[PDB]
Chemist: 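Next up is a structure, given as structure tokens.
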Number of protein chains: 2
Amino acid sequence: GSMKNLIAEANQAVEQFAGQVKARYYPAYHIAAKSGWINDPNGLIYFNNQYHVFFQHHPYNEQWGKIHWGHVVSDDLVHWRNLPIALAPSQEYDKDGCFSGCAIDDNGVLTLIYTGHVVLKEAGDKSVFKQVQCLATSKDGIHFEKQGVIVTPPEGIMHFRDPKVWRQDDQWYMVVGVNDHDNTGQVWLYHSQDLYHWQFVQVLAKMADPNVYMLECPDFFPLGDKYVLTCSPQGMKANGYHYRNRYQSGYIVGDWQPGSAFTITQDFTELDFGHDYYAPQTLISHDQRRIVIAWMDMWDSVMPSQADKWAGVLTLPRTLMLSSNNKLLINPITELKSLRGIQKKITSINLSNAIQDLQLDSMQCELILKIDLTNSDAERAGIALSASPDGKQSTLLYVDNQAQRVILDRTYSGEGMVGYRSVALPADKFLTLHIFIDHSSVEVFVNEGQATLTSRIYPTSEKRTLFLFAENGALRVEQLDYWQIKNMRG
Amino acid sequence: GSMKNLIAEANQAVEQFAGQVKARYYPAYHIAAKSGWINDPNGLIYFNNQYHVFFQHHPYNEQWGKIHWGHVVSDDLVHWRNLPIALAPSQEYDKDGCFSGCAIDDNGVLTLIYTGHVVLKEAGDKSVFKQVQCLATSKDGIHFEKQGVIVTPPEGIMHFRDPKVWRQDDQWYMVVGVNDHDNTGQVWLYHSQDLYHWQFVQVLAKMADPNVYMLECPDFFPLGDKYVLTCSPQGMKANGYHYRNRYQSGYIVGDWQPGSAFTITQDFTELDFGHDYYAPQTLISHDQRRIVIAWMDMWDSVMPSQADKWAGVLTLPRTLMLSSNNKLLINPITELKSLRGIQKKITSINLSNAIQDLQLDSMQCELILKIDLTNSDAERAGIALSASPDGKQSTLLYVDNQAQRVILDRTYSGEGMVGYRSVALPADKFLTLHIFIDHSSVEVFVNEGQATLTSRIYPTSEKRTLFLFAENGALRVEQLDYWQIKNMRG
């Protein structure tokens, strides 16, 4: 009945099914539970010389259900260690889930502020529920004590969730996402002197598209001379190359100071153009980088790992910097280089109407592929990742010279979902693809961080290699760097 | 030595290898030689109650070589009958080929005006040759008599070819394509009172792109209140979705009258957005339609039919009409309906994340597929043409809702070339695809004739079916009409 006993029960279920988890799709250097289901990352913080990541977690099976907070820690944002579960549903205010939230340092006390979820009437997607903001503390970083409800919404407001709290002007601010009376998604800003008593300040942001019914997972933070709002809109219609995923994740750049509206200088932009990127949260690193982690997955997608008694992976952590035109340059954190093994460097690889097996293991590896766009005039030219030795199965990452786009096509990748995602080719003589392959994922960083593509893949081949290919013309690879990537856990 | 004996020898070679031609790729209702190689259509004319089409023809094997004029006839632009060869190289002025040309009615005498080609020095692509315009006559429509050279170029002009001649103001005009002293492609206009003595009138057209070194196969004709120039530029760089084929075919719309420049109102536009469309020529039908036929092929493409001792197919004949914004609406001639057999009508077919075998023979058939674009929101949704029963092999014709384009992808079609061609989705609630499938070809007419896609395919399956497919969303087919198409020859 006590949360201490509910956490012990939950930890025992995770430990029980951990032995049934197959390696084929389990990430070597991304965050996953030992077994069972995870989704959105929560409570990101650098606290007492360590990086903490929590996540939405169903401990009892590989599907979504009674949500707990899972927990990992690292010294270096890379060597993530599994910890015991932090929060289990245990009170009227959180009976049906400890939903998303953040962490803060309250005068040396690690403090979690999360949405408590309770179902009031079960009608599937027509369900009525109660969402309020709740607070928990820890003296040791491992065991947490609930301190109860701290923010209740207005009457008629139901969707009211995903608090992100920060200190400013010896005061605290909170952003939450809300579905308003007129059925529009908004981010609301609240403030507090004590973390227990909160007052509404303003509607921080809404979107012009009236079909956006929710803004999940708001994070509002300074970056250079601007403020950035990252969030996850629901209800944006897929439009050409835009908003292809079931739900969106992206960013708004503007100007704000306490007492002012958030005046938008750059409208909503997707954070990642791939298939599997949802529910970003950020933290400030020790050296004051702005770091984003997201769920490397998408609601309603086929999840082949569920056959193996686990599901859910987080993205690599990525740095956020403003370009001079106030777009986010997004790059892998430098600490990932610590996982690098055997380096292989190939220079000046030409192909014309041909394929080439590079004979490089594609289970867990990092590539830097520099392509000469002027002289790579093939209709389709690039790399086949995580490929069967017969080349029948692969994840295609290539220049389409007709579309003038980079294509990530998982149609022939293995189990689960088909089709492609894409970005516009950058205005540059050279295209650099910085590619991280794990057992069930591809992350691509384009050029200096101008764009990223993140997709899950589920290869079925016993051995995984890489091919280069050029169809109907030439590929010019100026340089290919390859590293094997070590398991982060040892 | 005599052309009469050279034609007999050439006809005997065609007859000799005709028995070795396999059905698998041989067109049931498009023009081909009985055996051997054909390319550009020549001498299109309605003469003495019959439609004549000639074509560049190598009778002795399935590769390009000593060029003859092949010849077919029809009463109805559809039931084409093979005739004996019309012209064989036989003189100093045409020793290495009777290259392209036209036909006119010279006061009841069917008259051919063609380029005579002779190699002066063999250096591959560095070869020096002589091209002059020559004339031949016929009293019977079958046997032709050479009357010698009628137009010689200026000194230093080598590429000088593909005459198209028409009567206007009791005078004759000729257009030829030329490579000028500065290495630019031009169309030159000449005139004559007698068909034997020609005078240069003007440079009719040149293109702004200085890399265009040749304009092959010019045809200059009135359409409504405009003049249209169809031609085949060489040297246009492939640019995004534009100019993908090795060489181009397209049209220029403007204003002209004798004594004036051809003032361009619509710049060069491709005639067909597919893989296999080159060297159009036009004729006036009995009822005064403007009809275009082209070579349904492309220089330098893999030609799998060459294993079967023949190569080369002409397109369907198509009508040309000016839209109110002076683009060509291009439609199949109505006489093709005479080939229709068993009709099958399906209404209101929905698919979501699924495939459906329509169990319809795709050897030789006509389809009208009407798609609801508003409700066909799948990432990829359409038809798999000429498909193996296991669906491993097919020609994909579909809506890409990310690109917002119609895609014709022959990557999995069978033997030979891979990759796709495309057109922009029309601004219309509905997309109509009017599709003609023959043993080695697909022709698509979009909506009212706004765009066409023509590609060769080489299926290897013993049985050929059709599938509908929708990936990552819905397909709404409002109506599918199917006809089996009869062999035109009986």
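All chains are named by letter (A, B, ...) in the order of the sequence lines, taking the proteins before the strands, and each is independently numbered beginning at 1.
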Chemist: Got a donor-acceptor contact below 3.5 angstrom from the A:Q306 side chain to the A:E62 backbone?
Modeler: yes
Chemist: Looking at every non-hydrogen atom in both residues, tell me the closest pair between A:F430 and A:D372 and how far apart they are.
Modeler: CD2-CA, 3.8 Å
Chemist: State, to 0.1 Å, how close A:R456 and A:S440 come at their nearest heavy-atom pair, and which atoms those are.
Modeler: NE-O, 2.8 Å
Chemist: Can you classify the ring geometry of A:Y458 versus A:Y25 as parallel (below 30°), tilted (30 to 60°) or perpendicular (above 60°)?
Modeler: perpendicular
Chemist: Just do the side chain to side chain contact (heavy atoms under 4.5 Å, CB included) check on B:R244 and B:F273 with the steps written out, would you?
Modeler: CA-CA 8 Å; B:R244 293 318 315 187; B:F273 298 96; over 6 Å; no
Chemist: Between the main-chain N or O of A:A378 and the side-chain N or O of A:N401, is there a donor-acceptor pair closer than 3.5 Å?
Modeler: yes
Chemist: Between B:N353 and chain A, with a heavy-atom cut-off of 4.5 Å, which part of the residue counts as in contact: side chain, backbone, both or neither?
Modeler: neither
Chemist: Between A:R405, A:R380, A:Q404, which shows the greatest number of heavy-atom pairs under 4.5 Å with chain B?
Modeler: A:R380
Chemist: If you check every heavy atom in residues 460-476 of chain B against those of chain A, which residues fall under 4.5 Å?
Modeler: B:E471, B:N472
Chemist: Could you tell me which residues in residues 406-427 of chain A have at least one non-hydrogen atom under 4.5 Å from a non-hydrogen atom of chain B, sorted by residue number?
Modeler: A:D409, A:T411, A:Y412, A:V418, A:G419, A:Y420, A:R421
Chemist: Please check this pair: side chain of A:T315 against backbone of A:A294, looking for a donor-acceptor N/O pair closer than 3.5 Å.
Modeler: yes
Chemist: Let me see the working for B:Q356 and B:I349 under side chain to side chain contact (heavy atoms under 4.5 Å, CB included), right down to the final yes or no.
Modeler: CA-CA 10 Å; B:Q356 180 169 312; B:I349 307 169; 4.1 Å; yes
Chemist: Is a donor from one side chain sitting under 3.5 angstrom from an acceptor on the other, for B:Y278 and B:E216?
Modeler: yes
Chemist: Does B:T269 reach the main-chain N or O of B:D267 with its side chain, forming a donor-acceptor pair under 3.5 Å?
Modeler: yes
